[PDB]
């Protein structure tokens, strides 16, 4: 089974902190870049954070930089999202995501897929 199960979330007052996790199963995270996408109420998905476990290279959304930090633990095949100084505009459903690129005829397909069971992060 290929799965990317999330944990954490909940109701929180602005300025407080939350920590999410992405437990990966069925595939190695070194060949992908894993992270989070958020779905604001009445909006499509947008990238939150993304880490390349092979290089620990990070990427964040501009409205998130300086406040969220993403890290990986390949020994457990999990990533972590430390959400500090939460704001009311961070209120969304957050989903564990993964990104990939592989030629099926060069240049190939750039791919993104996220697990459908997200967690609700609401800022009071």
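Numbering follows the first chain given and starts at 1.
Mean C-alpha B-factor is higher over 37 to 45 than over the other stretch, the pair under comparison being 37 to 45 and 80 to 88. Averaged over Cα atoms, the B-factor as recorded in the entry is higher for 26 to 34 than for the other of 26 to 34 and 90 to 98. Remark: residue 105 belongs to the highest third of its chain, ranked by C-alpha B-factor as recorded. The deposited CA B-factor of residue 120 belongs to the middle third of values across its chain. Sorting the modelled residues of the chain by their CA temperature factor places residue 65 in the highest third.
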